[PDB]
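Enquirer: If you read the protein sequences in the order shown, they are chains H, A, C, B and D.
For the first sequence, the authors' numbering assigns the number 568 to the initial residue and increments by one for each residue that follows.
Read left to right, the second sequence gives residues 1 to 125, 135 to 463 (the authors' numbering).
Read left to right, the third sequence gives residues 17 to 49, 58 to 112 (the authors' numbering).
Read left to right, the fourth sequence gives residues 1 to 17, 22 to 79, 84 to 87, 89 to 97 (the authors' numbering).
Read left to right, the fifth sequence gives residues 121 to 495, 509 to 627 (the authors' numbering).
No residue lacks a Cβ here, since even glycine has one placed at the ideal position from N, Cα and C.
Once you've had a glance at the structure underneath, I'll fire off some questions.
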Amino acid sequence: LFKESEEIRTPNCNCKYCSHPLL
Amino acid sequence: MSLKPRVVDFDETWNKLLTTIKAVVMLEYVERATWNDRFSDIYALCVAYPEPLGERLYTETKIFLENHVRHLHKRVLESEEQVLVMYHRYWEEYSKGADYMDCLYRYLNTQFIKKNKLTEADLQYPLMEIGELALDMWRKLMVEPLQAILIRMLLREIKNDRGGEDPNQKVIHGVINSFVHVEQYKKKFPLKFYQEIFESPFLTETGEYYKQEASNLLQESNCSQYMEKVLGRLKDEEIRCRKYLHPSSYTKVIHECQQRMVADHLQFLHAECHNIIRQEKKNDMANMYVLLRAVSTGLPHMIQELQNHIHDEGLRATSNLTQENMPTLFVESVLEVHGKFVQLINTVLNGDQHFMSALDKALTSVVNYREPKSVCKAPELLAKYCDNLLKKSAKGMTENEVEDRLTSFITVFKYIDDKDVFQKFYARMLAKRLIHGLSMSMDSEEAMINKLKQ
Amino acid sequence: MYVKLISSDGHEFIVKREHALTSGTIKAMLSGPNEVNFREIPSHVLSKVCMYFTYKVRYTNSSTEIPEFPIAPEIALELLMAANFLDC
Amino acid sequence: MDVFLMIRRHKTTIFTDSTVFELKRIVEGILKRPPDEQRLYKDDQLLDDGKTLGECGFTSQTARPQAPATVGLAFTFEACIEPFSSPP
Amino acid sequence: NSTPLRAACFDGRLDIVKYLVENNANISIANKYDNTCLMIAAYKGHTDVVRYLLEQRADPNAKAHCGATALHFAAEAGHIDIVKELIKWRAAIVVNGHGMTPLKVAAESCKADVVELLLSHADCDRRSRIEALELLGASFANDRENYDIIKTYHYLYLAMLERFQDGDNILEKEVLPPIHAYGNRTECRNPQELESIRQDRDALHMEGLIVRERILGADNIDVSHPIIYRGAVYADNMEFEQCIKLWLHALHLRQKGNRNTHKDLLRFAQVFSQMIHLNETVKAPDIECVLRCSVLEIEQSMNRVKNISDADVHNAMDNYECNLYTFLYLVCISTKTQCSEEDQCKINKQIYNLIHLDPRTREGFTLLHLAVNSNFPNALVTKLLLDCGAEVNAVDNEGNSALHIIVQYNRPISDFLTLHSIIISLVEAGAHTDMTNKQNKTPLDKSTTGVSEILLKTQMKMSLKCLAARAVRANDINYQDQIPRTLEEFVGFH
Ligand SMILES: [Zn+2]
């Protein structure tokens, strides 16, 4: 049906609001 | 020989080309050999190895053409009351010159300006071909500075033509066609200049003039005289449109003229409609129909009055005879009414679908009426007619004439609303006549049974 | 019907008008104020472009095969240059 | 039928497209001169009038449009082919 | 900058943590984002690891690179035992660089009991309590998986009563203006309105959305995710129009937030693909115009971003190809959906704005090159691209042109009409038939399908320019300084 935005976070920074791209 | 790029003195070649173009755009005579050499000169200017001189060529051609158009404008404006003739003369000369010099800058038109002109997407969402450049700055500096004067003279002359005097058809047709050719190549809405500058003022002036003329005619003349006059004026308007204006504006001008002519006074025609329908005026029937074919208001009232007149006449004719004891008389009267109104419609109303539908409605109102004491008497009378045609009745009757009578009866039978009662009467009388054995022929009876099938 | 091509060298090539009306430049030069005389094109180049006009009319739109035009190496450069002038 | 010929008169060279006499009539139509006052020469060899054009040696193989064959034309006694410009 | 102690704290092994600590483990040293072992353990909810590190005099009030603390992450992850321990160890209330407190953090994360404990904490003000309860209710209203209508209404009602708890002074919500994208409903200010709208589930979702937008609008927070879920549910409800408006507002907020949206655009185009497929589309081209303008702005900005820092835009480069594929799909939809004159005019305006700047890709593909090759081989897409100002003579990195790729089309008999239409369209408006690509080649020679060969051969118009260019290129004769400059390029073409 629908697939949620992935939003799998950067392990280095734990602040959920911070958005650090992962290579 | 030196087709390879060379160090070309732009000043000298431009000076020679300036003398050439001045004769070319003014339609002065230039020798063919000189033209053939100016082509090579243009090619040399467009390709010079130190720096292509094409941009300088375009800029200097723009300056020369600007000087030319400004001098033409000053000479035209200095003239008074001859603006139209003078403008038409220089428009012919300049159109010929601009079409010729587009050829003379062909290489510069397809190898330098083309690769730097803004694309179609660019314009849709200042460098453009030299051939149309003359027309474009003609727009910029001849009509735009003089559009008011030009439109005033054009409208006054066309108003004079409507008055009765005949102006120069060629000059007027030329100036309006120039109002289009100046934008003849714009790749989008070529008539924008035309629709903006001539159509709107012309449409407004025609509307006002024809409102005045319609009021004057309505005051002056009776309904008939007025209506053939307004038909003649519409025809003369079509003629004037064909003579002067561009073809695409004919429909708009005719529409405005007719809406200002009859749509303004539809109440008068509608009021006269009852009397004119019921008092046969077949010529005015056709004229009313052609007048109100365009305006939507006229047609339905025409239809209603025609249906009312048909119903009144048919009901009167049928009600003249009561208990005639001969149903053939009623059928013959109905057939006569139907044929008369069908031929009237096909003659004056051109067999219009709405009018024949109204005739069918009126005829259905007749026949299928409860005014006689016996309700549903029409199917019974139809049955009696069919039996009298089929039954021997101690009479020798022509089979072909019986077939003709049956074919005529087919129409009135189609007009009657109820056929089940007629079918029951048919079955009963068929059984009766089979028991008594009185009939013209089985095939003749079979034929009308087949006629019932269709 | 017939147009006289004249080279800068001095030759007078005559070909059917419809043959020579396949180049925009020739149409331009024949329009506005016959006997078209190039003061620039040499003889051999004009001969090659003339043979091209007959080649355009026949053996074209031919599904079977269309023969390649033979262009000599020495004349190729100025023939290509004449292509621009004639706007072929 | 598939014949294209270089008819040459000194500097002048016309381009044509099977009878020799009808070729001379075309020469009438172009150069405007009587037919019997002019004699054709295939490589300076006289061709008799009224013969079939194919027999003289011109055919679809050797009269192709991209490489037409040459026929010398002289007004009745001969007045020679003038060659083109030399390739640079 | 990672340390083995941090890895041990991430794993959750108490024995390893204590063994390393007793053997001179460094705690005050953090990672590249300045993250402490206590704080990562708090985010992971290892109560034993957290209580031992606190015992080891490790700083509990540590400030991360964004200002968030261990209490923040423990509240976010719903670890009541951790936040209780940190409060025991006197964890100070710290507002992070996102302008949010651990109470507010737990409020946004729908950790209702963590919110309860942090309200039980002494150092809380009435305004903070009210805002925390309101945010908790709003997040519960639009939560993807922790959704609860009853909890939402209860917490919002308690917050609003606390607003009205004092007769002398009543706190009135600073409600934002109603949004057409949201549905033009206005957030409630009085308990009566909330009691009226608690019956309507959709109205309470609306109220939660407005509360979240008001509370988190000032801060730098990605608030689109609840909007994403709400629009997904509305699309599941066939309410595409409100769904479309919701995703439009989400894209606008993302543009305000300067966040990558390739996935969002991909989804907002995939929804169009599906709703076209169901044929229930009644698609509005004017809406698609806003999408096209937005994606144009996004792609231009991210192209500039790639230009600024090439070393970190490999993923952004991939998103660039993805965005171009999405735009191709949008053009496919525009072909699918009929448009009005003004709607088509705006669509062509946006497409022309894209085209005017040449969007080079890997291997040099332009819009039309992507439109012709297998990505399929859309026809009216290519025709519209050409009509909007795309270049038929555009050169790829390999050197090919538009015609080269399309004539190199597999499966010619199927979609033969598309192939023929594309060839006819592209040869018009300036396709050179014999553009050599890389080493000398002919697009007729490159094509391997007989039908396409016949098509362009019929479409060929010969000229001395092409034939003589071929001869000079084959003979390798020097052409510079002896040829017109415009024709210098033409010689290189062949
Ligand atoms: Zn070519």
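Considering only heavy atoms of ligand 1, does any lie closer than 7 Å to the CB of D578(D)?
Expert: In the fifth sequence, the residue the question calls residue 578(D) occupies position 445. No, the beta carbon of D578(D) sits no closer than 7 Å to any heavy atom of ligand 1.
Enquirer: Following the continuous beta strand (DSSP E) through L281(D), name the residue where it begins and the one where it ends.
Expert: In the fifth sequence, the residue the question calls residue 281(D) occupies position 161. Careful: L281(D) lies outside any beta strand (DSSP E), inside the alpha helix (DSSP H) at 269-283.
Enquirer: Can you name, in chain order, every residue of its own chain whose Cβ lies under 8 Å from the Cβ of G54(B), other than the five neighbours on each side?
Expert: Locating residue 54(B) in the fourth sequence gives position 50, where the first residue counts as 1. Excluding the 5 residues flanking it on each side, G54(B) has same chain C-beta neighbours closer than 8 Å at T23, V24, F25, in chain order.
Enquirer: Does the distance from the CB of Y445(D) to the CB of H369(D) come in under 8 Å?
Expert: For the purposes of this step, residue 445(D) is taken as residue 325 along the fifth sequence, with counting starting at 1. For the purposes of this step, residue 369(D) is taken as residue 249 along the fifth sequence, with counting starting at 1. No; because the gap between Cβ atoms is not below 8 Å, this pair is not in contact.
Enquirer: Would you please verify whether the beta carbon of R165(A) is less than 8 Å from any beta carbon of chain C?
Expert: Position 156 of the second sequence, counted from the first residue, corresponds to residue 165(A). Cβ-Cβ to chain C under 8 Å: no for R165(A).
Enquirer: Could you tell me whether the Cβ of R82(C) comes closer than 8 Å to any Cβ of chain A?
Expert: As a working mapping, residue 82(C) is identified with position 58 in the third sequence. Judged by the 8 Å Cβ criterion, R82(C) is not in contact with chain A.
Enquirer: Should the stretch 358-366 of chain A be regarded as contacting the stretch 401-419 of chain A, the criterion being three or more beta carbon pairs within less than 8 Å?
Expert: no
Enquirer: With DSSP collapsed to three states, give me the class of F62(C).
Expert: What you label residue 62(C) is simply residue 38 of the third sequence in a count that begins at 1. It is coil, neither helix nor strand.
Enquirer: Taking Cβ positions, are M236(A) and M297(A) nearer each other than 8 Å?
Expert: The residue you call residue 236(A) lines up with position 227 of the second sequence. The residue you call residue 297(A) lines up with position 288 of the second sequence. Cβ atoms of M236(A) and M297(A): closer than 8 Å.
Enquirer: Tell me, please, whether the CB atom of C74(C) is closer than 8 Å to any CB atom in chain B?
Expert: Walking along the third sequence from the start, residue 74(C) turns up at place 50. So yes, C74(C) belongs to the interface.
Enquirer: Of all the alpha helix (DSSP H) runs that stay within the bounds of the stretch 362-431 of chain D, which reach a length of 4 or more residues?
Expert: 382-397, 405-428
Enquirer: Look up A78(B) in the DSSP assignment and give the residues it is bridged to.
Expert: For the purposes of this step, residue 78(B) is taken as residue 74 along the fourth sequence, with counting starting at 1. Its beta-bridge partners are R43(B).
Enquirer: For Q111(A), count the other beta carbons within 10 Å of its own beta carbon; 16 or more makes it buried, fewer makes it exposed. Which is it?
Expert: Residue 111(A) sits at position 111 when you count from the first residue of the second sequence. With 16 or more other Cβ atoms within 10 Å, it is buried.
Enquirer: If the cut is a Cβ gap below 8 Å, which residues of chain C does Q592(D) touch?
Expert: Here residue 592(D) refers to the residue found at position 459 when the fifth sequence is read from its first residue. Correct list: empty, because the minimum Cβ distance to chain C is about 12 Å.
Enquirer: Identify every residue that forms a DSSP beta bridge with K32(C).
Expert: Taking the third sequence and counting its residues from 1, the one referred to as residue 32(C) is at position 16. For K32(C), which the question treats as bridged, DSSP gives the partners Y18(C).
Enquirer: Distance, Cα to Cα, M101(A) vs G54(A)?
Expert: Here residue 101(A) refers to the residue found at position 101 of the second sequence. Here residue 54(A) refers to the residue found at position 54 of the second sequence. Looking at the two C-alpha atoms, the distance is approximately 15 Å.
Enquirer: What residue does the beta strand (DSSP E) around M6(B) start on, and which one ends it?
Expert: In the fourth sequence, residue 6(B) corresponds to position 6, counting from 1. Residues 5-9.
Enquirer: Of the residues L314(D), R544(D), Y153(D), which one's Cα is nearest the Cα of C585(H)?
Expert: If you number the first sequence from 1, residue 585(H) lands on position 18. Of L314(D), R544(D), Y153(D), the residue nearest in Cα terms is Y153(D).
Enquirer: Starting from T84(B), follow its DSSP beta bridges and name the residues at the other end.
Expert: As a first step, residue 84(B) must be located in the fourth sequence, where it is residue number 76. Paired residue(s): none; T84(B) is not in a bridge.
Enquirer: Check each candidate in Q221(A), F202(A), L104(A), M86(A) and name the one with the smallest Cα separation from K179(A).
Expert: For this step, residue 179(A) is matched to residue 170 along the second sequence. By alpha-carbon distance to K179(A), the top candidate from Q221(A), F202(A), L104(A), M86(A) is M86(A).
Enquirer: What's the C-alpha gap between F4(B) and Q70(B)?
Expert: To locate residue 4(B), count along the fourth sequence from 1; it is residue 4. To locate residue 70(B), count along the fourth sequence from 1; it is residue 66. Each residue's Cα considered, the two are about 9 Å apart.
Enquirer: Going by CA-CA distance only, name the one from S95(A), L353(A), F418(A), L390(A) that's closest to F434(A).
Expert: Counting from 1 along the second sequence, the entry for residue 434(A) is found at position 425. Considering only alpha carbons, the answer is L390(A).
Enquirer: Grab me the residues of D201(D)'s own chain with a C-beta within less than 7 Å of its C-beta, minus the 5 sequence neighbours each way, in chain order.
Expert: By one-based count along the fifth sequence, residue 201(D) stands at place 81. These residues qualify, in order along the chain: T167.
Enquirer: Using CA atoms only, rank isn't needed, just tell me which of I160(D), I149(D), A431(D), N533(D) is closest to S580(D).
Expert: Indexing the fifth sequence from 1 puts residue 580(D) at position 447. Considering only alpha carbons, the answer is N533(D).
Enquirer: Any chance you could list the alpha helix (DSSP H) runs of at least 4 consecutive residues sitting entirely within the stretch 196-234 of chain A, in chain order?
Expert: 209-229
Enquirer: Any heavy atom of ligand 1 inside 7 Å of the beta-carbon of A491(D)?
Expert: The residue labelled residue 491(D) in the question sits at position 371 within the fifth sequence. Incorrect: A491(D) has no Cβ contact closer than 7 Å to ligand 1.
Enquirer: How would you call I250(D), buried or exposed, if buried means at least 16 neighbouring beta carbons within 10 angstroms?
Expert: On the fifth sequence, residue 250(D) is found 130 positions in, with the first residue counted as 1. Per the 10 Å Cβ criterion, buried.
Enquirer: Below 8 Å, how does it come out for the stretch 317-330 of chain A and the stretch 342-350 of chain A: are there three or more Cβ pairs, yes or no?
Expert: yes
Enquirer: Given that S40(A) touches chain C, what residues does it touch there, using C-beta distances under 7 Å?
Expert: Along the second sequence, read from residue 1 onward, the residue named residue 40(A) stands at position 40. Within chain C, the residues near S40(A) are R63, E64.
Enquirer: What residue range is occupied by the uninterrupted alpha helix (DSSP H) comprising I347(D)?
Expert: Mapped onto the fifth sequence, residue 347(D) falls at position 227. DSSP places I347(D) in the uninterrupted alpha helix (DSSP H) bounded by 344-356.
Enquirer: Taking only beta-carbon positions, decide if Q42(B) is within less than 8 Å of chain C.
Expert: What you label residue 42(B) is simply residue 38 of the fourth sequence in a count that begins at 1. Not an interface residue.
Enquirer: Helix or strand or just coil, what does DSSP make of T260(A)?
Expert: Within the second sequence, numbered from 1, the residue matching residue 260(A) stands at position 251. The answer is helix: DSSP assigns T260(A) an H, G or I state.
Enquirer: Just to make sure I have the definition right: I need the residues of chain D whose C-beta is within less than 8 Å of the C-beta of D175(A). Which are they?
Expert: Taking the second sequence and counting its residues from 1, the one referred to as residue 175(A) is at position 166. The premise fails here: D175(A) is roughly 43 Å from chain D at the closest Cβ pair, so nothing lies under 8 Å.
Enquirer: Cβ of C129(D) within 8 Å of Cβ of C157(D)?
Expert: Residue numbering aside, residue 129(D) sits at position 9 when the fifth sequence is read from its first letter. Residue numbering aside, residue 157(D) sits at position 37 when the fifth sequence is read from its first letter. Cβ distance < 8 Å, so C129(D) and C157(D) count as in contact.
Enquirer: Any heavy atom of ligand 1 within a distance shorter than 7 Å of the CB on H345(D)?
Expert: The residue you call residue 345(D) lines up with position 225 of the fifth sequence. The answer is no for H345(D).
Enquirer: Going by alpha carbons, who is nearest to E86(B) out of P96(B), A67(B), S64(B), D48(B)?
Expert: Indexing the fourth sequence from 1 puts residue 86(B) at position 78. When each option's Cα is compared against that of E86(B), the closest is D48(B).
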